[PDB]
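For reference, data.pdb (PDB, C-alpha atoms and all ligand atoms):
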```pdb
ATOM      1  CA  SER A   1      -2.031  -9.372  18.912
ATOM      2  CA  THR A   2       0.671  -9.125  16.257
ATOM      3  CA  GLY A   3       1.430 -10.550  12.836
ATOM      4  CA  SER A   4       4.635 -10.976  10.838
ATOM      5  CA  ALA A   5       4.864 -12.091   7.207
ATOM      6  CA  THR A   6       7.703 -12.304   4.704
ATOM      7  CA  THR A   7       7.308 -10.364   1.468
ATOM      8  CA  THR A   8       9.168 -11.592  -1.625
ATOM      9  CA  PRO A   9      10.051  -9.834  -4.919
ATOM     10  CA  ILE A  10       8.109 -11.243  -7.859
ATOM     11  CA  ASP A  11      11.113 -11.037 -10.193
ATOM     12  CA  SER A  12      14.800 -10.177 -10.402
ATOM     13  CA  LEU A  13      14.050  -6.436 -10.686
ATOM     14  CA  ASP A  14      11.840  -6.060  -7.585
ATOM     15  CA  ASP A  15       8.959  -4.993  -9.843
ATOM     16  CA  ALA A  16       6.580  -5.784  -6.964
ATOM     17  CA  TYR A  17       6.454  -7.821  -3.779
ATOM     18  CA  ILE A  18       4.062 -10.624  -2.812
ATOM     19  CA  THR A  19       3.043 -11.689   0.679
ATOM     20  CA  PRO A  20       1.102 -14.885   1.490
ATOM     21  CA  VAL A  21      -2.366 -14.327   2.930
ATOM     22  CA  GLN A  22      -4.725 -16.979   4.313
ATOM     23  CA  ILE A  23      -8.368 -16.523   3.310
ATOM     24  CA  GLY A  24     -11.305 -18.650   4.403
ATOM     25  CA  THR A  25     -11.851 -21.937   6.219
ATOM     26  CA  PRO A  26     -10.003 -24.171   5.492
ATOM     27  CA  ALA A  27      -7.380 -21.628   4.571
ATOM     28  CA  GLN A  28      -6.813 -20.725   0.937
ATOM     29  CA  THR A  29      -3.387 -19.096   0.636
ATOM     30  CA  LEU A  30      -3.057 -16.395  -2.016
ATOM     31  CA  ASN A  31      -0.011 -14.236  -2.719
ATOM     32  CA  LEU A  32      -1.114 -10.606  -2.514
ATOM     33  CA  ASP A  33       0.562  -7.310  -3.381
ATOM     34  CA  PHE A  34       0.422  -5.218  -0.194
ATOM     35  CA  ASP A  35      -0.365  -1.705  -1.403
ATOM     36  CA  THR A  36      -0.124   1.265   0.978
ATOM     37  CA  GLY A  37      -1.472   3.422  -1.887
ATOM     38  CA  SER A  38      -4.921   1.802  -2.122
ATOM     39  CA  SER A  39      -7.596   0.479   0.188
ATOM     40  CA  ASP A  40      -9.238  -2.579  -1.424
ATOM     41  CA  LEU A  41      -8.410  -6.206  -0.651
ATOM     42  CA  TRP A  42      -9.318  -7.927  -3.908
ATOM     43  CA  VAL A  43      -8.495 -11.359  -5.275
ATOM     44  CA  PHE A  44      -8.577 -13.488  -8.355
ATOM     45  CA  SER A  45     -11.429 -15.887  -7.748
ATOM     46  CA  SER A  46     -13.677 -18.637  -9.043
ATOM     47  CA  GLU A  47     -15.825 -15.752 -10.337
ATOM     48  CA  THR A  48     -13.083 -14.192 -12.473
ATOM     49  CA  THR A  49     -13.736 -14.385 -16.221
ATOM     50  CA  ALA A  50     -11.877 -17.538 -17.237
ATOM     51  CA  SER A  51     -10.021 -15.941 -20.157
ATOM     52  CA  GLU A  52      -8.598 -13.342 -17.735
ATOM     53  CA  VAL A  53      -6.976 -15.907 -15.408
ATOM     54  CA  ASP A  54      -3.524 -17.148 -16.469
ATOM     55  CA  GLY A  55      -1.702 -18.978 -13.682
ATOM     56  CA  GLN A  56      -2.965 -17.085 -10.625
ATOM     57  CA  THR A  57      -4.196 -18.890  -7.545
ATOM     58  CA  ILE A  58      -7.899 -18.205  -7.074
ATOM     59  CA  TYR A  59     -10.113 -17.769  -4.037
ATOM     60  CA  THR A  60     -13.210 -19.999  -4.187
ATOM     61  CA  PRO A  61     -15.741 -18.687  -1.650
ATOM     62  CA  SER A  62     -18.003 -21.715  -2.077
ATOM     63  CA  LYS A  63     -15.228 -23.854  -0.547
ATOM     64  CA  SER A  64     -14.944 -21.640   2.562
ATOM     65  CA  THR A  65     -17.302 -22.416   5.431
ATOM     66  CA  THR A  66     -16.829 -18.877   6.810
ATOM     67  CA  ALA A  67     -17.467 -16.999   3.543
ATOM     68  CA  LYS A  68     -20.660 -14.955   3.299
ATOM     69  CA  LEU A  69     -21.839 -12.914   0.333
ATOM     70  CA  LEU A  70     -21.985  -9.225   1.219
ATOM     71  CA  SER A  71     -25.323  -8.880  -0.489
ATOM     72  CA  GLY A  72     -25.590  -6.075  -3.027
ATOM     73  CA  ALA A  73     -22.012  -4.904  -2.638
ATOM     74  CA  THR A  74     -19.873  -4.253  -5.721
ATOM     75  CA  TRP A  75     -16.443  -2.747  -6.252
ATOM     76  CA  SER A  76     -14.477  -1.244  -9.119
ATOM     77  CA  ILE A  77     -11.010   0.265  -9.022
ATOM     78  CA  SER A  78      -8.556   1.830 -11.456
ATOM     79  CA  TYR A  79      -4.886   2.381 -10.677
ATOM     80  CA  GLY A  80      -2.295   4.889 -11.841
ATOM     81  CA  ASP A  81      -0.814   2.499 -14.413
ATOM     82  CA  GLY A  82      -4.198   2.297 -16.121
ATOM     83  CA  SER A  83      -4.951  -1.186 -14.802
ATOM     84  CA  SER A  84      -8.309  -2.012 -13.280
ATOM     85  CA  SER A  85     -10.509  -4.692 -11.750
ATOM     86  CA  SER A  86     -14.062  -5.066 -10.436
ATOM     87  CA  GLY A  87     -16.509  -7.564  -8.979
ATOM     88  CA  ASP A  88     -18.616  -8.442  -5.936
ATOM     89  CA  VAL A  89     -17.810  -8.920  -2.254
ATOM     90  CA  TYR A  90     -17.683 -11.629   0.394
ATOM     91  CA  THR A  91     -16.796 -11.401   4.036
ATOM     92  CA  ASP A  92     -14.423 -14.038   5.330
ATOM     93  CA  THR A  93     -11.634 -14.737   7.781
ATOM     94  CA  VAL A  94      -8.280 -13.331   6.647
ATOM     95  CA  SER A  95      -4.937 -13.965   8.318
ATOM     96  CA  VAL A  96      -1.560 -12.369   7.658
ATOM     97  CA  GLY A  97       1.500 -13.745   9.380
ATOM     98  CA  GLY A  98      -0.521 -15.167  12.277
ATOM     99  CA  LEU A  99      -2.808 -12.119  12.724
ATOM    100  CA  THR A 100      -6.462 -12.955  12.065
ATOM    101  CA  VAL A 101      -9.366 -10.665  11.155
ATOM    102  CA  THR A 102     -12.866 -12.101  11.038
ATOM    103  CA  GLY A 103     -15.459 -10.515   8.780
ATOM    104  CA  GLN A 104     -12.931  -8.907   6.435
ATOM    105  CA  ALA A 105     -14.309  -7.707   3.106
ATOM    106  CA  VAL A 106     -12.727  -9.888   0.412
ATOM    107  CA  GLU A 107     -13.459  -8.328  -2.975
ATOM    108  CA  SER A 108     -13.847 -11.087  -5.580
ATOM    109  CA  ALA A 109     -12.845 -10.071  -9.086
ATOM    110  CA  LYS A 110     -15.239 -10.770 -11.899
ATOM    111  CA  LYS A 111     -13.071  -8.769 -14.317
ATOM    112  CA  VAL A 112      -9.399  -7.796 -14.338
ATOM    113  CA  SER A 113      -7.457  -5.832 -16.937
ATOM    114  CA  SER A 114      -4.713  -7.324 -19.067
ATOM    115  CA  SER A 115      -1.764  -6.304 -16.888
ATOM    116  CA  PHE A 116      -3.186  -8.325 -13.985
ATOM    117  CA  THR A 117      -3.884 -11.356 -16.186
ATOM    118  CA  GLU A 118      -0.359 -11.184 -17.575
ATOM    119  CA  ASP A 119       1.245 -11.228 -14.113
ATOM    120  CA  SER A 120       0.824 -14.812 -12.934
ATOM    121  CA  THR A 121       2.672 -14.129  -9.654
ATOM    122  CA  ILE A 122       0.135 -11.680  -8.146
ATOM    123  CA  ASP A 123      -3.133 -13.200  -6.936
ATOM    124  CA  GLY A 124      -4.643  -9.869  -5.859
ATOM    125  CA  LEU A 125      -3.984  -6.760  -3.786
ATOM    126  CA  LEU A 126      -4.229  -6.007  -0.067
ATOM    127  CA  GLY A 127      -4.763  -2.266   0.383
ATOM    128  CA  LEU A 128      -3.197  -0.494   3.357
ATOM    129  CA  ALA A 129      -4.050   3.157   2.641
ATOM    130  CA  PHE A 130      -6.915   4.796   4.545
ATOM    131  CA  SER A 131     -10.342   3.174   4.347
ATOM    132  CA  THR A 132     -11.850   6.383   2.919
ATOM    133  CA  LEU A 133     -10.439   5.214  -0.461
ATOM    134  CA  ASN A 134     -12.170   1.825  -0.398
ATOM    135  CA  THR A 135     -14.335   1.413  -3.492
ATOM    136  CA  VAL A 136     -17.059  -0.934  -2.193
ATOM    137  CA  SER A 137     -20.565   0.390  -2.861
ATOM    138  CA  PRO A 138     -23.086   1.080  -1.415
ATOM    139  CA  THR A 139     -21.407   0.355   1.951
ATOM    140  CA  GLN A 140     -17.723   1.277   2.057
ATOM    141  CA  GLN A 141     -15.520  -1.350   3.705
ATOM    142  CA  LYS A 142     -12.508  -1.205   6.008
ATOM    143  CA  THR A 143      -8.984  -2.301   5.225
ATOM    144  CA  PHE A 144      -7.377  -5.294   6.894
ATOM    145  CA  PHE A 145      -5.279  -2.932   9.027
ATOM    146  CA  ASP A 146      -8.271  -0.853  10.103
ATOM    147  CA  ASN A 147     -10.150  -4.012  11.102
ATOM    148  CA  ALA A 148      -7.130  -5.400  12.996
ATOM    149  CA  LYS A 149      -6.095  -2.118  14.619
ATOM    150  CA  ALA A 150      -7.964  -2.328  17.922
ATOM    151  CA  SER A 151      -6.675  -5.865  18.567
ATOM    152  CA  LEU A 152      -3.045  -5.005  17.827
ATOM    153  CA  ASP A 153      -0.555  -4.443  20.636
ATOM    154  CA  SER A 154       0.234  -1.078  19.007
ATOM    155  CA  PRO A 155      -1.777   0.489  16.129
ATOM    156  CA  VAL A 156       1.029   0.256  13.574
ATOM    157  CA  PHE A 157       2.386  -1.776  10.719
ATOM    158  CA  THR A 158       5.900  -1.715   9.290
ATOM    159  CA  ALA A 159       7.334  -2.272   5.826
ATOM    160  CA  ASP A 160      10.871  -3.614   5.516
ATOM    161  CA  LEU A 161      11.297  -4.298   1.806
ATOM    162  CA  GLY A 162      14.417  -6.009   0.513
ATOM    163  CA  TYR A 163      16.665  -5.073  -2.386
ATOM    164  CA  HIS A 164      16.686  -8.152  -4.611
ATOM    165  CA  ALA A 165      15.804 -10.132  -1.473
ATOM    166  CA  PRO A 166      12.837 -10.928   0.768
ATOM    167  CA  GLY A 167      11.692  -8.568   3.496
ATOM    168  CA  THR A 168       8.983  -8.297   6.137
ATOM    169  CA  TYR A 169       5.593  -6.761   6.903
ATOM    170  CA  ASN A 170       4.894  -6.629  10.637
ATOM    171  CA  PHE A 171       1.582  -5.701  12.269
ATOM    172  CA  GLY A 172       1.224  -4.436  15.809
ATOM    173  CA  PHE A 173       4.862  -4.038  16.845
ATOM    174  CA  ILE A 174       8.132  -2.378  15.890
ATOM    175  CA  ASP A 175      11.055  -4.817  15.558
ATOM    176  CA  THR A 176      13.895  -2.809  17.090
ATOM    177  CA  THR A 177      16.438  -5.267  15.634
ATOM    178  CA  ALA A 178      15.372  -4.509  12.049
ATOM    179  CA  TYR A 179      16.906  -1.036  11.692
ATOM    180  CA  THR A 180      19.979   0.980  12.648
ATOM    181  CA  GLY A 181      20.028   4.247  14.554
ATOM    182  CA  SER A 182      16.705   5.869  15.421
ATOM    183  CA  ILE A 183      13.352   6.150  13.671
ATOM    184  CA  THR A 184      12.486   9.691  12.584
ATOM    185  CA  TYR A 185       8.752  10.340  12.572
ATOM    186  CA  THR A 186       7.054  12.856  10.293
ATOM    187  CA  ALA A 187       3.530  14.195   9.950
ATOM    188  CA  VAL A 188       0.920  12.616   7.685
ATOM    189  CA  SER A 189      -2.037  14.182   5.915
ATOM    190  CA  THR A 190      -4.951  11.812   5.320
ATOM    191  CA  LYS A 191      -6.875  14.375   3.245
ATOM    192  CA  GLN A 192      -6.378  12.400   0.009
ATOM    193  CA  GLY A 193      -6.628   8.992   1.711
ATOM    194  CA  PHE A 194      -2.893   8.274   1.380
ATOM    195  CA  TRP A 195       0.089   8.072   3.718
ATOM    196  CA  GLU A 196       1.018  11.555   2.503
ATOM    197  CA  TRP A 197       4.002  13.343   4.019
ATOM    198  CA  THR A 198       6.558  16.054   3.195
ATOM    199  CA  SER A 199      10.198  15.213   2.598
ATOM    200  CA  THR A 200      12.657  17.922   3.581
ATOM    201  CA  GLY A 201      14.880  17.683   0.500
ATOM    202  CA  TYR A 202      17.329  15.642  -1.476
ATOM    203  CA  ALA A 203      20.896  15.076  -2.575
ATOM    204  CA  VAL A 204      22.366  13.413  -5.658
ATOM    205  CA  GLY A 205      25.378  11.209  -4.998
ATOM    206  CA  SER A 206      27.968  12.994  -2.876
ATOM    207  CA  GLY A 207      26.460  16.380  -3.702
ATOM    208  CA  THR A 208      25.191  18.946  -1.262
ATOM    209  CA  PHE A 209      21.761  18.474   0.240
ATOM    210  CA  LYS A 210      19.053  20.733  -1.189
ATOM    211  CA  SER A 211      16.523  21.786   1.435
ATOM    212  CA  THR A 212      13.122  21.838  -0.251
ATOM    213  CA  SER A 213       9.695  20.517   0.695
ATOM    214  CA  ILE A 214       8.503  17.578  -1.403
ATOM    215  CA  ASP A 215       4.969  16.413  -0.646
ATOM    216  CA  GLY A 216       4.378  12.806  -1.627
ATOM    217  CA  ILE A 217       2.966   9.440  -0.620
ATOM    218  CA  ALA A 218       4.568   6.323   0.852
ATOM    219  CA  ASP A 219       3.317   3.695  -1.606
ATOM    220  CA  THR A 220       4.496   0.084  -1.398
ATOM    221  CA  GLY A 221       2.339  -0.683  -4.435
ATOM    222  CA  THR A 222       4.331   1.566  -6.766
ATOM    223  CA  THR A 223       7.642   0.193  -8.035
ATOM    224  CA  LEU A 224       9.604   3.382  -8.706
ATOM    225  CA  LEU A 225      10.337   6.754  -7.135
ATOM    226  CA  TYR A 226       8.349   9.554  -8.824
ATOM    227  CA  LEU A 227       9.483  13.105  -8.018
ATOM    228  CA  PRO A 228       9.203  16.589  -9.518
ATOM    229  CA  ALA A 229      10.833  17.062 -12.894
ATOM    230  CA  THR A 230      13.417  19.494 -11.468
ATOM    231  CA  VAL A 231      14.663  16.902  -8.964
ATOM    232  CA  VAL A 232      14.668  14.077 -11.485
ATOM    233  CA  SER A 233      16.561  16.141 -14.075
ATOM    234  CA  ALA A 234      19.197  17.000 -11.457
ATOM    235  CA  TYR A 235      19.659  13.292 -10.726
ATOM    236  CA  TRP A 236      19.958  12.061 -14.318
ATOM    237  CA  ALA A 237      22.252  14.941 -15.275
ATOM    238  CA  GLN A 238      24.889  13.130 -13.192
ATOM    239  CA  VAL A 239      24.713  10.021 -15.436
ATOM    240  CA  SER A 240      26.574  10.293 -18.750
ATOM    241  CA  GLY A 241      24.247   9.544 -21.636
ATOM    242  CA  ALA A 242      21.026   9.482 -19.616
ATOM    243  CA  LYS A 243      18.008  11.014 -21.305
ATOM    244  CA  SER A 244      14.249  11.152 -21.110
ATOM    245  CA  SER A 245      12.750   9.023 -23.880
ATOM    246  CA  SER A 246       9.154   9.679 -24.886
ATOM    247  CA  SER A 247       9.092   6.433 -26.869
ATOM    248  CA  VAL A 248      10.155   4.373 -23.849
ATOM    249  CA  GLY A 249       8.165   6.400 -21.314
ATOM    250  CA  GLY A 250      10.785   7.911 -19.035
ATOM    251  CA  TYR A 251      14.445   8.318 -18.280
ATOM    252  CA  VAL A 252      16.805   5.708 -19.669
ATOM    253  CA  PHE A 253      20.536   5.427 -19.212
ATOM    254  CA  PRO A 254      23.434   3.415 -20.657
ATOM    255  CA  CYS A 255      23.520   0.013 -19.030
ATOM    256  CA  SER A 256      27.313   0.468 -18.756
ATOM    257  CA  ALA A 257      26.829   3.312 -16.250
ATOM    258  CA  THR A 258      27.468   3.259 -12.523
ATOM    259  CA  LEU A 259      24.538   5.142 -10.958
ATOM    260  CA  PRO A 260      24.919   7.652  -8.126
ATOM    261  CA  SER A 261      22.984   7.304  -4.915
ATOM    262  CA  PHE A 262      19.966   9.483  -4.132
ATOM    263  CA  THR A 263      19.284  10.833  -0.644
ATOM    264  CA  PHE A 264      15.897  12.048   0.613
ATOM    265  CA  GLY A 265      15.213  13.940   3.822
ATOM    266  CA  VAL A 266      12.898  12.892   6.640
ATOM    267  CA  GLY A 267      12.941  15.837   8.992
ATOM    268  CA  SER A 268      16.586  16.324   9.900
ATOM    269  CA  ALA A 269      17.362  12.690   9.029
ATOM    270  CA  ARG A 270      18.488  11.291   5.683
ATOM    271  CA  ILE A 271      17.705   8.061   3.829
ATOM    272  CA  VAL A 272      20.261   7.032   1.197
ATOM    273  CA  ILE A 273      19.095   5.011  -1.811
ATOM    274  CA  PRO A 274      22.169   3.245  -3.268
ATOM    275  CA  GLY A 275      22.679   3.732  -6.980
ATOM    276  CA  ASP A 276      22.128   0.046  -7.724
ATOM    277  CA  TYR A 277      18.541   0.319  -6.429
ATOM    278  CA  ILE A 278      17.825   2.779  -9.286
ATOM    279  CA  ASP A 279      18.745   0.291 -12.055
ATOM    280  CA  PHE A 280      15.686  -1.369 -13.621
ATOM    281  CA  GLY A 281      17.611  -3.152 -16.319
ATOM    282  CA  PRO A 282      17.392  -3.280 -20.095
ATOM    283  CA  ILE A 283      14.316  -1.669 -21.628
ATOM    284  CA  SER A 284      13.916  -4.835 -23.725
ATOM    285  CA  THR A 285      15.833  -8.091 -23.660
ATOM    286  CA  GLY A 286      19.387  -7.570 -24.867
ATOM    287  CA  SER A 287      19.204  -3.776 -25.046
ATOM    288  CA  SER A 288      22.057  -1.646 -23.769
ATOM    289  CA  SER A 289      19.564   1.035 -22.733
ATOM    290  CA  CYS A 290      18.459   0.595 -19.130
ATOM    291  CA  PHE A 291      15.334   1.961 -17.442
ATOM    292  CA  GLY A 292      15.739   4.367 -14.545
ATOM    293  CA  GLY A 293      14.215   3.881 -11.123
ATOM    294  CA  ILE A 294      13.709   7.613 -10.507
ATOM    295  CA  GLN A 295      11.137   9.145 -12.841
ATOM    296  CA  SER A 296       9.182  12.362 -13.144
ATOM    297  CA  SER A 297       5.838  12.667 -11.370
ATOM    298  CA  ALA A 298       4.746  15.410 -13.787
ATOM    299  CA  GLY A 299       2.061  13.332 -15.500
ATOM    300  CA  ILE A 300       0.692  11.832 -12.283
ATOM    301  CA  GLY A 301      -0.448  14.728 -10.090
ATOM    302  CA  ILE A 302       1.359  13.429  -6.992
ATOM    303  CA  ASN A 303       4.888  12.513  -5.964
ATOM    304  CA  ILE A 304       5.272   8.840  -5.048
ATOM    305  CA  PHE A 305       7.849   7.359  -2.694
ATOM    306  CA  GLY A 306       7.502   3.862  -4.116
ATOM    307  CA  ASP A 307       9.519   0.720  -3.543
ATOM    308  CA  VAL A 308      12.811   2.217  -4.822
ATOM    309  CA  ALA A 309      12.703   4.672  -1.913
ATOM    310  CA  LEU A 310      10.955   2.569   0.717
ATOM    311  CA  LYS A 311      13.265  -0.451   0.351
ATOM    312  CA  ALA A 312      16.186   1.736   1.487
ATOM    313  CA  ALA A 313      14.421   2.210   4.861
ATOM    314  CA  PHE A 314      12.574   0.566   7.703
ATOM    315  CA  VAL A 315       9.196   2.297   7.437
ATOM    316  CA  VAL A 316       6.605   2.658  10.229
ATOM    317  CA  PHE A 317       2.978   3.283   9.262
ATOM    318  CA  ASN A 318       1.633   4.614  12.550
ATOM    319  CA  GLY A 319      -2.163   4.387  12.619
ATOM    320  CA  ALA A 320      -2.682   6.145  15.922
ATOM    321  CA  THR A 321      -5.514   8.677  16.180
ATOM    322  CA  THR A 322      -3.160  11.175  14.540
ATOM    323  CA  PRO A 323      -1.262   9.060  11.993
ATOM    324  CA  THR A 324       2.438   9.551  11.327
ATOM    325  CA  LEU A 325       5.175   7.898   9.278
ATOM    326  CA  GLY A 326       8.547   6.803  10.606
ATOM    327  CA  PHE A 327      11.737   6.147   8.648
ATOM    328  CA  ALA A 328      14.961   4.519   9.799
ATOM    329  CA  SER A 329      18.076   3.428   7.992
ATOM    330  CA  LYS A 330      18.835  -0.280   8.012
TER     331      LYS A 330
HETATM  332  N1  LIG B   1      -0.478   2.021  -5.434
HETATM  333  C1  LIG B   1      -1.822   2.583  -5.768
HETATM  334  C2  LIG B   1      -1.779   3.493  -7.020
HETATM  335  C3  LIG B   1      -1.091   4.861  -6.761
HETATM  336  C4  LIG B   1      -1.781   5.777  -5.711
HETATM  337  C5  LIG B   1      -1.512   7.236  -6.091
HETATM  338  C6  LIG B   1      -1.052   7.197  -7.534
HETATM  339  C7  LIG B   1      -1.096   5.733  -8.061
HETATM  340  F1  LIG B   1      -2.183   5.476  -8.817
HETATM  341  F2  LIG B   1      -0.066   5.439  -8.860
END
```
Write the structure described by the file as structure tokens, please.
Amino acid sequence: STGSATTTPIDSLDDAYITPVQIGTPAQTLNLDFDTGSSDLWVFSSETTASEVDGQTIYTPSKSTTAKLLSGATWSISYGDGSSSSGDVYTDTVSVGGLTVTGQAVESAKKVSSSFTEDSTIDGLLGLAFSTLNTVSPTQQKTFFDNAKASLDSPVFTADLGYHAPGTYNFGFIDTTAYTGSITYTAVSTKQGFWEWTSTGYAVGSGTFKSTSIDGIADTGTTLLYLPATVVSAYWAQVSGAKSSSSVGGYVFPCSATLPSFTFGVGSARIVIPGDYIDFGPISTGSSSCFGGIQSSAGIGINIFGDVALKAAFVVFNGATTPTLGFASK
């Protein structure tokens, strides 16, 4: 089998991407944030505290003839931005882009933190990291990809995120028309539960490439590119007036600037992020200070190749017995 679904930016900045997902019988379509950095499929639901729902579409398990309570199971997750959610668990039929999994754990939120409530465009998350990170207790549950894997034509999914435009998540096949040149594959460590890999270096603009190993994760659920402070300082030093602002929470730059590109290495290959992809717009409405799309990972404990990086590439998440990542230009 295969599946193919379009993923759409939630706003004009590409702050996140939503993909329609069919849950239950008859189908209830919710728009989920596909997150290769986590491993829970959770949704706003008829069980979510009413004051914490503000415009989201909810899953109502009582209206699904295929829903079954997963008796005794609970879940609770916290993310790197400090947001969180928790609740109980149903199994149900879940389809993405024509690919159907029966018996998928659908984690129904009883509580969500304020940042989820305040984002009316995201109805939940669909985790695509390794199932070892799934938070369901006392019986850990498998991701949608892990459940689908054996049925897929090939044990892979691909992320093709757009810059200020829709893109595609495919399951089970590699669309050879969706990228240019060849795909360069690179080793993955699953020791932390992530799609963790080692970039071979970077360049700023037209500058010379610096060969240096940068361990990090491919994370569709993180907006920006988070890299070591040395690398990030070298980038922003090429932008007149850019500075790190503690009050804002990262590097800002004059909105009048033209940003240089940023290149990262994948083995001997190179992925070029155009400068415009690094512009996250005014820090507040009407400000002439703009927020940068490359930020330091110093406070995080891990480097994160988030959407800013991934949207410059066609990315293969290869879930074979030994997982690997592939990157192509597009
Ligand atoms: N997108 C899931 C959240 C990520 C995983 C590693 C660091 C982080 F919390 F930011």
**OP:** Counting all atoms listed in the file, name the residues that have an atom within 12 Å of an atom of ligand LIG 1 (chain B); the answer should be given as JSON, numbers by chain.
**Re:** {"A": [16, 33, 34, 35, 36, 37, 38, 39, 40, 77, 78, 79, 80, 81, 82, 83, 84, 125, 126, 127, 128, 129, 130, 133, 134, 192, 193, 194, 195, 196, 216, 217, 218, 219, 220, 221, 222, 223, 224, 225, 226, 297, 298, 299, 300, 301, 302, 303, 304, 305, 306, 307]}
Residues around (-22.2, -8.1, -2.6), cut-off 6 Å, counting only C-alpha atoms - what are they as an mmCIF file with C-alpha atoms, in the coordinates of the input?
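Saved as selection10.cif:
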```
data_model
loop_
_atom_site.group_PDB
_atom_site.id
_atom_site.type_symbol
_atom_site.label_atom_id
_atom_site.label_comp_id
_atom_site.auth_asym_id
_atom_site.auth_seq_id
_atom_site.Cartn_x
_atom_site.Cartn_y
_atom_site.Cartn_z
ATOM 1 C CA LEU A 69 -21.839 -12.914 0.333
ATOM 2 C CA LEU A 70 -21.985 -9.225 1.219
ATOM 3 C CA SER A 71 -25.323 -8.880 -0.489
ATOM 4 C CA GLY A 72 -25.590 -6.075 -3.027
ATOM 5 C CA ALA A 73 -22.012 -4.904 -2.638
ATOM 6 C CA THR A 74 -19.873 -4.253 -5.721
ATOM 7 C CA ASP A 88 -18.616 -8.442 -5.936
ATOM 8 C CA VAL A 89 -17.810 -8.920 -2.254
#
```
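Non-sequential neighbours of residue 141 of chain A (distance at most 7 Å, separation of 3 or more positions within a chain, only C-alpha atoms) are residues 105, 131, 134 and 136 of chain A.
Minimum atom-to-atom distance to residue 308 of chain A, evaluated using all atoms listed in the file, belongs to A:277 out of A:264, A:185, A:179, A:277.
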Original post:
Quick one: residues within 10 Å of residue 98 of chain A, only C-alpha atoms counted, chain neighbours fewer than 4 positions away excluded, as an NGL selection string?
Top reply: :A and (1-5 or 21-22 or 94 or 171)
Original post:
Of the residues A:8, A:238, A:289, A:95, which is the one nearest to residue 164 of chain A, using only C-alpha atoms?
Top reply: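 Ranking A:8, A:238, A:289, A:95 by distance to residue 164 of chain A, first place goes to A:8.
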